[PDB]
Every structure is written in C-alpha cells, then in structure tokens.
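Chains as they are written, first to last, in full-length UniProt numbering: chain H, 163 to 180, 184 to 260; chain D, 508 to 556.
Where a beta carbon is used, it is the ideal one built from N, C-alpha and C, also for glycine.
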C-alpha cells in the first residue's frame, strides 16, 4: 500500500448478519468531478429470489473527496472455509 | 533554528484542507442577510415546522 492519500473510518455500512432472513442492500456509486458518491438503502426481503416489485428511494450516504480516475470495480468476499483444506460440501455457506 | 517548510498544492483535485469558516449570531423574525454554507440571500428567517 503506497501513496496512501486518503483514509476513512466510520460506523458499519453493512450491519450484523448474525434462517431465510434475507436482506436487500441497494447501493449507487458515482464518480463526478473527482467526488465519489455512495447512496444506499436497506430493507429486509421476504422470499424473493430476484429484485422485487416496489418503490424505495436510496438516501445519500457518503461523498468522498478522492479525486482519482476510476474505470473498473470488483466485490470483496469472505472465506469461511479454508483454502488449504476445501471440504467436499457444507464447509461453505448454503452453496 | 527549528524550521518547517509548508508546501500547499492548489491543483485539479477535491480540496481537503481549508481555513475555518467563522460565523456570527443567528437572528430571526427580521429582514437580514443570511449565508448558510455558501447559500446567500436576503430575507426574514422564521421558525419553520
């Protein structure tokens, strides 16, 4: 990690996730004039595989003065199993 | 002699450091010039519900 020209710490964006108590977390990311804008909204969801039917507005969340070009993005995941010992099944989380 | 060199960079980037914005008292129910976070105007401020 070099030229660390920005650091931000605050309360969690994703609250505690501790059976079918699924949650919908919707976010919007924008890169305008070097400002990185994140909007979000959260709602418990009930037995809907895909996006549901309805209207819910996302409230503004964070405007970062980062000011550097962005072209790509990728999501970050959690390794509950072990890399050296990948079990046959049930080591992960409900497939 | 303890010495410090401050180099300010004002270039094409979102500004992160600035001088503090000092304020005055807030007066209501009167015709006044108001300036809230750069929003300028002239008018009467009243308690709104």
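Query	Result
Amino acids of chain H, ordered along the chain, whose beta-carbon sits closer than 8 Å to that of residue 521/D	198, 199, 200, 230, 231, 232
Length of the line joining the Cα atoms of residue 183/H and residue 258/H	Gap in chain H between 180 and 184; residue 183/H lies inside it and carries no coordinates.
Extent of the continuous beta strand (DSSP E) to which residue 190/H belongs	188 to 197
C-beta contact flag for residue 197/H and residue 227/H at 7 Å	no
8 Å contact criterion, which residue 212/H and residue 185/H should meet: CB distance rounded	7 Å
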